[PDB]
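So the structure is just underneath, and the comments pick up after that.
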Amino acid sequence: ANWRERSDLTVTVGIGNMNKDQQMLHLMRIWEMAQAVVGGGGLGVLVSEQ
Amino acid sequence: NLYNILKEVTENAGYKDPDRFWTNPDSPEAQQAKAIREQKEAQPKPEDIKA
Numbered sequence: 506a507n508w509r510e511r512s513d514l515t516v517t518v519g520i521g522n523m524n525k526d527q528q529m530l531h532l533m534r535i536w537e538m539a540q541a542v543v544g545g546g547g548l549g550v551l552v553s554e555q
Numbered sequence: 556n557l558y559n560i561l562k563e564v565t566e567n568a569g570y571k572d573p574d575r576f577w578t579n580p581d582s583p584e585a586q587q588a589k590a591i592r593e594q595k596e597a598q599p600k601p602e603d604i605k606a
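First to last, the sequence lines map onto chains E and F.
Residue numbering for the first sequence follows the deposited numbering, starting at 506 and increasing by one per position.
Residue numbering for the second sequence follows the deposited numbering, starting at 556 and increasing by one per position.
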C-alpha cells in the first residue's frame, strides 16, 4: 500500500565487496563478550542459549 | 544499562535486530530466570548447623 514512501528499506548498490572479514571478526568479539557474560553469571537473564 | 551497552555494540557491528544475540532483562523469561535464581538462595551449607 505504501510503496511510494520507501519507508522500510534503504538501497545500497554500494558494492557488497569484501566485508565478510569485518563482521566475521565482529562475530569473534561478540562470542568473546557472550563467554564473558556467561562466566559472569548472566545466563538466562542477559543471554540465552538460543 | 548492560543491555543498552550490548545493544549499542551489536547495532554498531551491523546487526539491526539485537534480540537475536541478547535477551532483554525486562522480558518475562528473564523475570522467571531471576525468580528461580533468587529462590535457589534458600540456605547455604552451615545454616542449620549453626542454628
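Even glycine gets a Cβ: it sits at the ideal position worked out from N, Cα and C.
If the criterion is Cβ atoms closer than 9 Å, does the pair residue 564 of chain F and residue 533 of chain E meet it?
Within the second sequence, the letter at position 9 stands for residue 564 of chain F. Within the first sequence, the letter at position 28 stands for residue 533 of chain E. Contact flag unset, no.
N- and C-terminal bounds of the alpha helix (DSSP H) containing residue 526 of chain E:
Along the first sequence, one-based indexing puts residue 526 of chain E at 21. 525-544 is the span of the alpha helix (DSSP H), which, as asked, contains residue 526 of chain E.
Pairs of beta-carbons, one from the segment 545-555 of chain E and one from the segment 576-592 of chain F, closer than 8 Å: are there three or more?
yes
Of all the alpha helix (DSSP H) runs that stay within the bounds of the segment 568-605 of chain F, which reach a length of 4 or more residues?
583-594 and 602-605
Near-chain E residues of the segment 574-590 of chain F - C-beta to any C-beta below 7 Å:
576, 577, 578, 580, 585, 588 and 589
Among residues of its own chain, excluding the 5 on either side of residue 585 of chain F, which ones have a beta-carbon nearer than 7 Å to its beta-carbon?
By 1-based counting over the second sequence, the position of residue 585 of chain F is 30. Only 578 and 579 meet the Cβ criterion.
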